[PDB]
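Asker: piece number one of the complex, untouched:
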Amino acid sequence: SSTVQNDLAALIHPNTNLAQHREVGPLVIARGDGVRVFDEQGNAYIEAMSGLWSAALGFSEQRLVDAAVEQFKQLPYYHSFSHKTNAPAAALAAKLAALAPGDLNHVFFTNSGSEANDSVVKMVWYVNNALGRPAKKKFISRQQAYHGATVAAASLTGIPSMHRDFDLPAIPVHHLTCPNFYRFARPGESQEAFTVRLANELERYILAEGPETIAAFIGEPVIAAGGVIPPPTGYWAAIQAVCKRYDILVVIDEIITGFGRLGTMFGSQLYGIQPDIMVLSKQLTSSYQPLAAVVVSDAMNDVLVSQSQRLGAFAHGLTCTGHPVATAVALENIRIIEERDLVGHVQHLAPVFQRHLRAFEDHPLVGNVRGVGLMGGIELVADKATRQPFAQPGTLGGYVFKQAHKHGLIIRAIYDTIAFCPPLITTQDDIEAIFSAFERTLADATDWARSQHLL
C-alpha cells in the first residue's frame, strides 16, 4: 500500500476535517531541508509556520540529530521515578533554571505542552491544599487562549471550537475578554483605555467570585493559535498588578513565545512579566523530540517538598518524564540558539519581516496587520470600514491555506487570519521568498473572494 492508502484506511488526523479527509486525502510530507519541506512527489514548500510554530532550527539541523544519536548509543531510555535520574535531564533542568527569570529555579518535565499545563493545574491545587487554602482552586484564562488539548489544558484553552461537543471547560475556569484591540476597542478608544477596561473586568470577576477561591491566571504573552494577537499597551503591567493583590499566581505559557520568537529569549522579558510559573515546549526541541517543561519558584518547590514529607511521594509523573534523548536534544537546541545568537538574529530580521507584513495594510482584502518579533498575522475581512468578519468564517482563510501550496508556501489560517511564524534560522533571502509567494497567493485569493461574492 501507498502512504496515502495507509493513511486513508487507518489514520485519525488531529485538527483536521475528518469528513473532507476521506475525499481529498492527505498531503504526504517526506523530507526537510532548512526552512523547506518536500512532499512525496518532491515539490518544495517554504515552511513559514515552522510546522506548528515550533521548528526553531528548521527541518534539517544535523546537530540535533547528532545529539539524539549520541544519547541513543549510551542510554536510549530510562525513567526519573524513585530518585533515578540521567545526565541530560539534570543538565537541562539546570540550564532552564539559569535562563528563566527571577527565582524560577525548579523544573518538571513532560512530553507535551498539554501535559505541562495539566501538571500546572495539579501542582497549584496540591500546593494550595498543602497551604491550608483548599478553596483556592479556580483558574482564569481568556477567550482565544490556547493551552493544549488534554481535558484540563483544553479547559484553559479559550477557543470556542475546541470546546464544542467536548463538554469543556471540565474544570473551574473563567475566560476573560480576548485582549484584541482591533476587534474589541470602542470607537476612538486608545490602547491604554482598552487595557483599563480589561484590567477592571478581571478585578470585577475576582471580587464577585471571591479571591480566596481563585488560584491562578494563565496566559500566553502573545496569543498565537487564537489569531496572532499582541497585547494592548500596558496590559501585562495591569494584569500582574491585579493578580499580585489577590495572591493569584501568574502562569505564563511561553510554549510558542519561548526561545527568541519575539526578539527576547522569553516573551516575558519584552512585556515585563515576572511569572510565578513558566511553561515551555515546541522551540525547546524544535519539535525534533516531544518535550515540555514546567519551571516553578523556590517557594513552590518548598511546598512540593513539604508535601512529600507528609505524603511520602510526589504522586505525579509520566513514563517518559525526563527522557534522556528528548532532553539531550533540547540541551543541544538551546546551545545552538545561544552559540549562534539567534535571539540577536531575530532582532535583526524582525523589522524587515514586520515591514513586509504591514505592506499589505492597504490591500482590499486586509482589515488588520499585527505582529511582534518573528510572529505575524494578516487578518482578512469582508469590509474594511466596519471590520466585518466573513459570513462563514474561515472560508477565505481556508482558500489561502490551500492555494499557497501552489506557490510553494505553507502558512496557517486561523479562520480568516493568515499566520506567519518562520524558523528562527530564516534569512533575509528567505523572507523575500516567503512574501513573493504570499503576494501571488493573495492575488489569487482576491480573484477568488470577488468571484465567490465574499466582500
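Answerer: Noted; the coordinates are in hand. Numbers count the residues shown, from 1 in each chain, chains lettered A, B, ... in the order given.

Asker: quick one: residue A:305 is in a strand?
Answerer: No: read with DSSP: H, G, I helix; E, B strand; the rest coil, residue A:305 is helix and lies in no strand.

Asker: Could you tell me the end-to-end distance of stretch A:291-307?
Answerer: 26 Å (Cα to Cα, to the nearest Å).

Asker: Counting neighbours, which bits of it end up buried?
Answerer: Buried residues in stretch A:291-307, counted by 16 or more other Cβ atoms under 10 Å: A:291-297, A:300-301, A:303-304, A:307. Every residue, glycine included, has its C-beta placed from N, CA and C.

Asker: same check, this time on stretch A:256-269
Answerer: So stretch A:256-269, judged by 16+ other Cβ under 10 Å, has buried residues A:256-268.

Asker: and which of those is nearest residue A:22?
Answerer: Closest approach to residue A:22 among the buried residues of stretch A:256-269 (Cβ to Cβ): residue A:256, at 31.2 Å.

Asker: Identify the residues contacting that closest one.
Answerer: Contact analysis of residue A:256 by Cβ atoms under 8 Å, 6 or more residues apart in numbering lists A:53-54, A:220, A:222, A:224-225, A:282-283, A:375, A:421.

Asker: now do 7 Å
Answerer: Counting by Cβ atoms under 7 Å, 6 or more residues apart in numbering, residue A:256 touches A:53, A:220, A:224, A:282.

Asker: Wait, a helix at it?
Answerer: No: counting by three-state DSSP, residue A:256 is not found in a helix; it is coil.

Asker: how close does it sit to residue A:280?
Answerer: 10 Å (Cβ to Cβ, to the nearest Å).

Asker: Repeat that for residue A:134.
Answerer: Taking Cβ to Cβ, one finds residue A:134 at 29 Å from residue A:280.

Asker: ok, now residue A:7?
Answerer: For residue A:7, the distance to residue A:280 (Cβ to Cβ) stands at 31 Å.

Asker: Which one's more surrounded, those two?
Answerer: Ranked by neighbour count (other Cβ atoms under 10 Å), residue A:7 and residue A:280 place residue A:280 first, with 28 against 16.

Asker: pretty sure the more buried one contacts residue A:252?
Answerer: No: assessed by Cβ atoms under 7 Å, residue A:280 is found out of contact with residue A:252, at 9.9 Å.

Asker: Would you map out the domains in chain A?
Answerer: Annotated domains of chain A cover A:3-61+A:341-451, A:64-338 [automatic domain parsing].

Asker: Packed most tightly, which of the ones you listed would that be?
Answerer: Stretch with highest mean neighbour count among the domains of chain A: domain A:64-338 (a mean of 20; mean count of other Cβ atoms under 10 Å).

Asker: mind checking how far it is from the chain centre?
Answerer: Domain A:64-338 sits 10 Å away from the centroid of its parent chain (Cα atoms, centre = their mean, to the nearest Å).

Asker: Now do the end-to-end distance for it.
Answerer: Chord length of domain A:64-338, first to last residue, is 14 Å (Cα to Cα).

Asker: for residue A:448, what are its contacts?
Answerer: Neighbours of residue A:448 in contact, by Cβ under 7 Å, 6+ apart: residue A:399.

Asker: Now the element after the host helix or strand of residue A:201, going C-ward?
Answerer: Element membership of residue A:201 [criterion: DSSP states H and E] is helix A:191-209. Downstream of helix A:191-209, the next assigned helix or strand under DSSP H and E is strand A:214-219.

Asker: let's put chain B on the structure above:
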Amino acid sequence: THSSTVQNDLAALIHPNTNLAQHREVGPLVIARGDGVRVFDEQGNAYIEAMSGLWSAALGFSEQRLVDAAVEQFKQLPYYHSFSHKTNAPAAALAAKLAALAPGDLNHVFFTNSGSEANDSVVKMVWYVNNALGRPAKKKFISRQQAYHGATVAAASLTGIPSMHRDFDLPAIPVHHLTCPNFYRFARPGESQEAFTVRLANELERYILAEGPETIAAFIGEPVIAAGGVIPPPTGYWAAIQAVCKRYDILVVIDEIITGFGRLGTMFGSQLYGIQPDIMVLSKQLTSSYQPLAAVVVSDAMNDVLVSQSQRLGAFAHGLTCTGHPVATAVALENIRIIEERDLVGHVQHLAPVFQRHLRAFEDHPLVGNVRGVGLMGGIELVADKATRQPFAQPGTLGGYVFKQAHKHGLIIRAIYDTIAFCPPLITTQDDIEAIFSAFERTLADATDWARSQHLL
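Answerer: With chain B added, the chains above now look like this:
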C-alpha cells in the same frame, strides 16, 4: 564531591513519583548506560532491570535496530505535524500496522505522546461521540480501585490508586470506581474465583441500574492491574464484565499500555482473556520507551461518528503538536517488526512457565502472603501475618527496604507498597531469570533479618 549530574539534579530537577524531601538528603541515582536487560550507573555499578524500567523497555536498553530506525528517519524528516490533512509515511504505516494487529474492527488510530494523553483523548472522544448521537447525559466513566490510567487530570481521575488522588482534588471528572478484582484480598471464606466474578459483575450491574444506564458512557480497565499491585483478574471476570456492559450499551475501553505487545504471552492481553474492546489504548512496549508514543485504536462505529462530527463542526478539534511524530512512529514500527521477526511473543510463551515457577517458589516463605502473575509479569506480596493476610502497620516499609537493598545485589525491581513487582524485558533469557531470582533470594534474606531487627513481625 558529587558529580556534575548530581549537583545539577539536586539544584533544579523536580522528580516524578519520588519522595522530594528524601531526595534532598539521599540525592539521585544517575543511570548512565544501557546493555540489554541491564543498566549501569555513573559509578559503573550494574543492575539487572527486572522491571524493564517502567514496565516498558520491551527490547531492552541497547537495541541498535531501534537507534537505526530513528537515525534513518531523522536524516529524511526529523519533524512534521499531522494537522490540516498533513501526514508522514511512518505514522501512516504504523496506523495501518496497529489496525492489522488489533482485534475485531479496531481499525482507526489516533496518536499521542503518552498513555495519559491517550486516555484523556478517549474521554474526550467518548463525550464527543455521545453528544453527536444526541445522548448528552451519557458521559460517566466506570473504573476500578487500584486501576492506573495516567497522570493528567482526566486520566488520573480514572486511576483508582488513592495516593495518586490525595491533595490533587481528584477524581475531577464523573467516574465511579468498582471493587478491585483481587481474589486474594476480597474473596469471602471458601468462595471460588468464579463466584467472586459473579459478585463483581453484580456490583457493576447494580451501579448501572442505580445511576441509570443512559448516564453511563464507558468502562475502562487494564486486563491485568499492573501499577496497582500486579493483580490478574479472577476466573471468568472479563466475559462477565463485557456481557453487562453490552447489555447497557456501555463502551468497553481496554487499557493495554502495559499488557500490549506480548507481556502476557499473547500479542494483546485482550486475546488471553477473550476481551473485544470498543477502544484499545497502547503505549510503553509500543516503542520500548525509546520514543514517547501512544495510540488510541477505535472501532469503525466510533470513527464513523467522529467523521459525522467533522461534517457539521468543520474539524476534529483535538491534537498534540507531536501527534504522529515521524521519528517516534518510525521507532514504533521497527520495534513491532523486531517483536514479530524474533517471535518474542513465542519467546514469552516459553519463558513464562519458568518465570512463574520461580515466583511461586517463594509462596512458603515466612514473609510472603501471596504470589501472583501471568505471562512475564509477577508480584510477590509481603505481609505481616499469612493466616489473616494482614498488611503491615506502615504499608511500604518492607517493600521500600527491598527496593533499596536489591540494588546492592545488582537488581532493580519495583515495590508497590509491600508487593514486589517483576516485569523483565521480552528479550530476557532463562539465564537472566535465574540471575534475577538469585539476587532476589539474597535480598529477601536481608529483608527477613531486617524485618526481625526492626520488630515489624
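
Asker: ok chain B is loaded, check the contacts of residue A:256 again?
Answerer: A:53, A:220, A:224, A:282 (Cβ atoms under 7 Å, 6 or more residues apart in numbering or on different chains).

Asker: how about those in a markdown table, adding distance to chain B and secondary structure?
Answerer: Listed next are the contacts of residue A:256 as a markdown table, based on distance: Cβ to the nearest Cβ, whole Å; DSSP: H, G, I helix; E, B strand; the rest coil:
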| residue | distance to chain B | secondary structure |
| --- | --- | --- |
| A:53 | 8 | helix |
| A:220 | 14 | coil |
| A:224 | 12 | coil |
| A:282 | 6 | helix |
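
Asker: Show me where the stretch 301-450 of chain A has its helices.
Answerer: Secondary structure of the stretch 301-450 of chain A (DSSP state H, counting those that start in this stretch): helices located at A:324-339, A:342-358, A:395-406, A:428-451.

Asker: In a markdown table, list those along with distance to chain B.
Answerer: Output for these, formatted as a markdown table (distance: least, Cβ to the nearest Cβ, whole Å):
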| stretch | distance to chain B |
| --- | --- |
| helix A:324-339 | 7 |
| helix A:342-358 | 18 |
| helix A:395-406 | 7 |
| helix A:428-451 | 16 |
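
Asker: Using JSON lines, please lay out those helices together with distance to residue A:115.
Answerer: Formatted as JSON lines, those follow (distance: least, Cβ to Cβ, whole Å):
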{"stretch": "helix A:324-339", "distance to residue A:115": "13"}
{"stretch": "helix A:342-358", "distance to residue A:115": "27"}
{"stretch": "helix A:395-406", "distance to residue A:115": "28"}
{"stretch": "helix A:428-451", "distance to residue A:115": "33"}
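
Asker: Give me the angle between the helix holding residue A:201 and strand A:214-219.
Answerer: 150 degrees (axes from the mean of the first three to the mean of the last three Cα atoms, to 10 degrees).

Asker: Among the contacts of residue A:256, give me the pair with the biggest separation.
Answerer: Within the contacts of residue A:256, two members stand farthest from each other by Cβ to Cβ: A:220 and A:282, at 11.7 Å.

Asker: which ones are touching the residue lying closest to residue A:33 once chain neighbours are set aside?
Answerer: Distances taken as Cβ to Cβ, 6 or more residues apart in numbering or on different chains place residue A:60 nearest to residue A:33, at 4.9 Å, with adjacent residues excluded. If you count contacts by Cβ under 7 Å, 6+ apart, residue A:60 has them with A:32-34.

Asker: Please report how far the spatially most central residue of chain A lies from residue B:316.
Answerer: With distances taken as Cα atoms, centre = their mean, the residue of chain A nearest its centroid is residue A:256 (3.4 Å). Between residue A:256 and residue B:316 the distance is 22 Å, computed by Cβ to Cβ.

Asker: Next: residue A:215.
Answerer: Distance, residue A:215 to residue B:316, using Cβ to Cβ: 31 Å.

Asker: sec struct for the nearest residue to residue A:56 once chain neighbours are set aside, please.
Answerer: Of all residues not flanking residue A:56 in the chain, residue A:283 sits nearest, at 3.8 Å (Cβ to Cβ, 6+ apart). What three-state DSSP gives for residue A:283 is helix.

Asker: how close does residue A:283 sit to chain B?
Answerer: Distance of residue A:283 to chain B, computed by Cβ to the nearest Cβ, to the nearest Å: 11 Å.

Asker: That residue is in contact with residue A:54, isn't it?
Answerer: Yes: if you go by Cβ under 7 Å, residue A:283 and residue A:54 touch, sitting 5.9 Å apart.

Asker: Brilliant, that's me finished.
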